[PDB]
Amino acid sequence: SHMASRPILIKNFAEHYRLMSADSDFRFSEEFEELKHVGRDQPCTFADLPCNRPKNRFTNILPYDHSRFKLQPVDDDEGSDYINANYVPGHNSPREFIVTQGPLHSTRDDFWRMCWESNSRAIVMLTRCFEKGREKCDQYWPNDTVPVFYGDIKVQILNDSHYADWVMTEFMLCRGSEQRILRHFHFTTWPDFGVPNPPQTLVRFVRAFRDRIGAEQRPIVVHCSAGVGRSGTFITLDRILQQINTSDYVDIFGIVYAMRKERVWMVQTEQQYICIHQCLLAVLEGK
């Protein structure tokens, strides 16, 4: 298998990295460039409806139709089923992740409703609300233990835990007497430009996340800013760290290819793509 898959033998990974990164990442660049058109022929009809335009952060980051998360419709509203989000495959399920943009203030009720209707018990946030003084994500969660309603969804903080690179928040979610616990994993350390350096900080976060959530059978919500770059990087890394326990091959190219089919620009930059490889290399070398 050669077109949508580049399996690498785990024991040969250090060599493959050295080979791919040689000559200022020539082969890495060539390989990542092969992905640029993947999935881009697929329609984004609903995302481009007049009623839905205000719900997208970016005009060019739109959810594919075949793939988009659909909210329950409200009977008198045109795109009440619409949110900028896509089911994206993981290690355990073809619908393991729902990846979405950082909510706008205007879409945070939709966001919480998606969390509820999807039965999600986990959110992964890979951005700060503000970076370089630009709004990347509306703060859609409370600042204290005072419960806050978003649409019909009541959100309350039970506890939080602050680490060097991330904050873990446990929420109670209530909708009319129905009650759930949801966990919020907020990576707070992604730099203003480039990718985490050293990569180990990101690995530590993925380990802690996957350790805490186990083998979730319900969708995990993942977002950054646009919901493509950092989100794709996180998913690919989470996936391969599971893959290496159960297989002697890793297929990062194949992961990214499959993700591109489901959501636009999933691993967004060549730098992020190389970063995925560095993260795994650090794991295979015992840091």
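Residue positions are given as counts along the sequence shown, with the first one as 1.
Novice: On mean C-alpha B-factor from the PDB entry, just flag whether 143 to 151 or 125 to 133 is the higher one.
Specialist: Between 143 to 151 and 125 to 133, it is 143 to 151.
Novice: So 87 to 95 or 170 to 178, which one's hotter by mean CA B-factor in the entry?
Specialist: Of 170 to 178 and 87 to 95, the stretch with the higher C-alpha B-factor average is 170 to 178.
Novice: Given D248, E262, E31, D238, identify the residue with the highest C-alpha B factor in the PDB entry.
Specialist: In the PDB entry, the greatest C-alpha B-factor among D248, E262, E31, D238 is found at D248.
Novice: Looking at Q271, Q278, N12, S24, which one carries the largest C-alpha B-factor according to the PDB entry?
Specialist: Spelled out: the listed residue with the top C-alpha B-factor is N12.
Novice: What third of its chain's C-alpha B-factors does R212 belong to: lowest, middle or highest?
Specialist: Highest third.
Novice: Report the third (lowest, middle or highest) to which the CA temperature factor of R40 belongs, ranking only the modelled residues of the same chain.
Specialist: Top third by C-alpha B-factor.
Novice: Splitting the chain's C-alpha B-factors into thirds, which one does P196 fall into?
Specialist: For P196, the deposited C-alpha B-factor lands in the middle third.
Novice: Hey, what third does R204 fall into on Cα B-factor, ranked over its chain?
Specialist: Tercile = middle for this residue's CA B-factor.
Novice: Using the B-factors in the PDB entry, rank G232's C-alpha atom against the chain and give the third, lowest, middle or highest.
Specialist: Its C-alpha B-factor, which the entry lists for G232, ranks in the lowest third among residues of this chain.
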